[PDB]
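*Asks:* let's see this in three dimensions:
(2 chains)
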Amino acid sequence: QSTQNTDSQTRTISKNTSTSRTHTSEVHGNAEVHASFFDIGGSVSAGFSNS
Amino acid sequence: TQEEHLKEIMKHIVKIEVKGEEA
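*Replies:* Residues are numbered from 1 along each chain as shown, chains lettered A, B, ... in the order given. Coordinates below:
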């Protein structure tokens, strides 16, 4: 029979770097109905966002 | 110019909306 004892100390020094590039499109919509005592309106909107 | 003044007060009666970005 045999017994083994072991100790281990590890020093790990690590580097990392990164880039990233995002390209974002977007198409918005809107409708609106306004009402008053005597004033009524309506509105339609649309939006085109690049990024 | 009374009609023009009334139109101006009607325009004031409201909001020029907001500028929102959803990017």
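
*Asks:* residue contacts, the residue most central in space within chain B?
*Replies:* Residue closest to the average C-alpha location in chain B (CA atoms, centre = their mean): residue B:11, at 4.0 Å. Neighbour list for residue B:11: empty [criterion: CB atoms under 8 Å, 6 or more residues apart in numbering or on different chains]. Where C-beta positions appear, they are placed from N, C-alpha and C, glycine not excepted.

*Asks:* give the bridge partners for residue A:32, please.
*Replies:* residue A:43 (DSSP bridges).

*Asks:* please name the nearest non-neighbouring residue to whatever residue of chain B ends up closest to chain A.
*Replies:* Going by CB to the nearest CB, chain A is nearest to residue B:23 of chain B, at 4.4 Å. Counting by CB to CB, 6 or more residues apart in numbering or on different chains, residue A:51 is the residue found nearest to residue B:23 once chain neighbours are left out, at 4.4 Å.

*Asks:* what do you get for residue A:41?
*Replies:* residue A:34 (4.2 Å).

*Asks:* circling back: please report how far the residue of chain B closest to chain A lies from residue A:22.
*Replies:* According to CB to CB, to the nearest Å, residue B:23 stands 10 Å off from residue A:22.

*Asks:* which residues does the residue of chain A found nearest chain B contact?
*Replies:* When scored by CB to the nearest CB, chain A has residue A:51 as its residue closest to chain B, at 4.4 Å. By CB under 8 Å, 6+ apart, the residues touching residue A:51 are A:22-26, B:23.

*Asks:* swap in 10 Å and give it another go.
*Replies:* Contacts for residue A:51 (CB atoms under 10 Å, 6 or more residues apart in numbering or on different chains) come out as A:22-26, B:21-23.

*Asks:* if I've got this straight, residue B:8 is in a helix?
*Replies:* Yes - if the criterion is DSSP: H, G, I helix; E, B strand; the rest coil, then residue B:8 is within a helix.

*Asks:* how close does it sit to residue B:2?
*Replies:* 11 Å.

*Asks:* tell me which of the two has more neighbours.
*Replies:* Using other CB atoms under 10 Å in any protein chain shown as the criterion, residue B:8 and residue B:2 rank with residue B:8 on top: 11 against 6.
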